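Chains as they are written, first to last, in the UniProt record's numbering: chain A, 2082 to 2129; chain B, 1163 to 1180, 1188 to 1210.
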């Protein structure tokens, strides 16, 4: 019984991890990298 | 002008005038306006 319980604990440590990860889909940093590329993509106007 | 920002400025270019060699100035007016995206025209 305790063997099953330890396996349950492990499996749930995982569900909790992938839960918390899925919940913050895009990290502050990651969104900043994306918006940087967005900024570089613009400004065709000015160089024209 | 018509609810958009425009600016005017005037630039002077050095031009020599023809038997006499003399430094003289020519003046031209220039206009610009700001596009929607934020880039100056």
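Note that the Cβ used here is the ideal one computed from N, Cα and C, for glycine as well.
Using a C-beta to C-beta distance shorter than 7 Å, which residues of chain B count as neighbours of residue i?
| i | result |
| --- | --- |
| residue 2127 of chain A | 1208 |
Thinking residue i and residue j are a contact (beta carbons under 8 Å), I'd like their distance in whole angstroms, please.
| i | j | result |
| --- | --- | --- |
| residue 1204 of chain B | residue 2126 of chain A | 6 Å |
| residue 1177 of chain B | residue 1194 of chain B | 7 Å |
(request) Below 7 Å between beta carbons is the criterion; list the residues of the region 1189-1210 of chain B that meet it against any residue of chain A, in chain order. (result) 1204, 1206 and 1208
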